[PDB]
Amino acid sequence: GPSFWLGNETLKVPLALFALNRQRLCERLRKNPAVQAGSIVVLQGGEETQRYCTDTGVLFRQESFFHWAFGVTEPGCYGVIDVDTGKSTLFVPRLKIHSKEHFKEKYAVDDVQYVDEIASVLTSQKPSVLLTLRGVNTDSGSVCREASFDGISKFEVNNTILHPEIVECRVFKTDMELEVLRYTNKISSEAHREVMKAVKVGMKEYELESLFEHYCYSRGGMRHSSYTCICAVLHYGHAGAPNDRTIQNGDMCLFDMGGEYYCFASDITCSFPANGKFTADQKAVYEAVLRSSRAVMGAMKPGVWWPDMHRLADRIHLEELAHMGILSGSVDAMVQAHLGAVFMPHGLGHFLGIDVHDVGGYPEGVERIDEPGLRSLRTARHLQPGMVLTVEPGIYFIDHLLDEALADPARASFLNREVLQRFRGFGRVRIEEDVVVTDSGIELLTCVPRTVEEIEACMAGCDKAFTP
């Protein structure tokens, strides 16, 4: 059948991918006892937006649930799925201008109609109930926009059934979806290598962000970054602003960037010395995060409770920080005092898919854990095959977190100021891989240099094939 493709070396994505998602959603809804016969799923695609009151266009990016179901890149559409038969209808704006037939062929749907006819067409199809999308995103706190059209009031509308079901479908990636996520990770990994090869003392961080974006777009067809790429919030107020810090000798760099292809995300972080040679201290902190990274990846398999992996990373960080002489005392005591969250205040990792922070981390019955570090986890679910997660432990030296710990009698004793003082302004190490949960373990999607020797080799311009 047809496939989405941007030519050259970019990935051909069969539109069958979305047909399989529609099939899976219908199969789930058919097994749902509360779904009436003759129900129709109604999704509304995104519309083009402009900057405020101007006619300056904002680059259009399809709404994620609508993309997941249909793969449609055009703004202003609606999409309908008959639950009982699986029949799909795309509604496109009545505006070279393409025919309805052109869109039917392009997207391999069963029917195409114009948007202004949606009320007439649905009336004629006599559905029992329209199933629309409404629910809460547990990362943004926002409520998903329910589809609406002139005349929808004449129909029976249920806005509670669909959201948890289509979320759960998105949580489990198909083999076709994995092929795209492998590709996004391949291009983003190559871009990360290019950045490590290009970085020079004296460069502005945004020069590297630009290079990353150029690699992803020109060689990967990735028009969008998946998320705001982190290399300043400080100097200009938003993560999106150019990071205009000058890279200095002795710096540890952290680049957190990932491109998006056809609305499938990647999210990768590399940490490395600006000048291409790890100091003893840098090697020590870095290899601590490498150790937790690898321990978690080695422990992940179906049935594993994700918060247990976060705690495992914490324990390893604390062990290694103690082996460095930054911390002293009982590691068990440190864990009881939640000392790990001083060095890693964020969650270990999160679902990834069409969204960087993908849906379904906190379905009904799954509770957020009200402890330092863990409260920042974007899911507290148990791992199952088909999930895609980031694994992103880090160690940070953040003054106000350290000072707070030093002011806390329950924590302050564990800290050796004489050694710690040398790590003030050390910076940050984070190692972020993307992985798939398999039937028995994981598959690593990311492919960047990770050991000290591999990183130093990459920055010295060694061919990627070279291995130390």
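For every residue, the number given is its place in the sequence shown, counted from 1.
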Unmodelled stretch of the deposited sequence separating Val143 from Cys144, binned as none, 1 to 3, 4 to 9 or 10 or more
none
Between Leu290 and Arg291, count the deposited residues left without coordinates and pick a bin: none, 1 to 3, 4 to 9, 10 or more.
none
On mean Cα temperature factor in this entry, is 323-331 or 233-241 the higher one?
233-241
So which stretch wins on mean C-alpha B-factor, 36-44 or 419-427?
419-427
Hey, out of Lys200, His350, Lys96, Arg193, whose CA B-factor is highest in the deposited coordinates?
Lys96
Reading the B-factor column for Cα atoms of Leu29, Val437, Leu406, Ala69, the highest value belongs to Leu406
In terms of the chain's CA B-factor thirds, is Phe60 lowest, middle or highest?
lowest
Compared with the other modelled residues in the chain, in which third is the CA B-factor of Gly361?
middle
Taking the values exactly as deposited, rank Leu312 by C-alpha B-factor within its chain and report the matching third: lowest, middle or highest.
middle
By its CA B factor, does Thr10 count among the lowest, middle or highest third of the modelled residues in the chain?
lowest
Based on the deposited C-alpha B factors for this chain, I'd like to know if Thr49 is in the lowest, middle or highest third.
middle
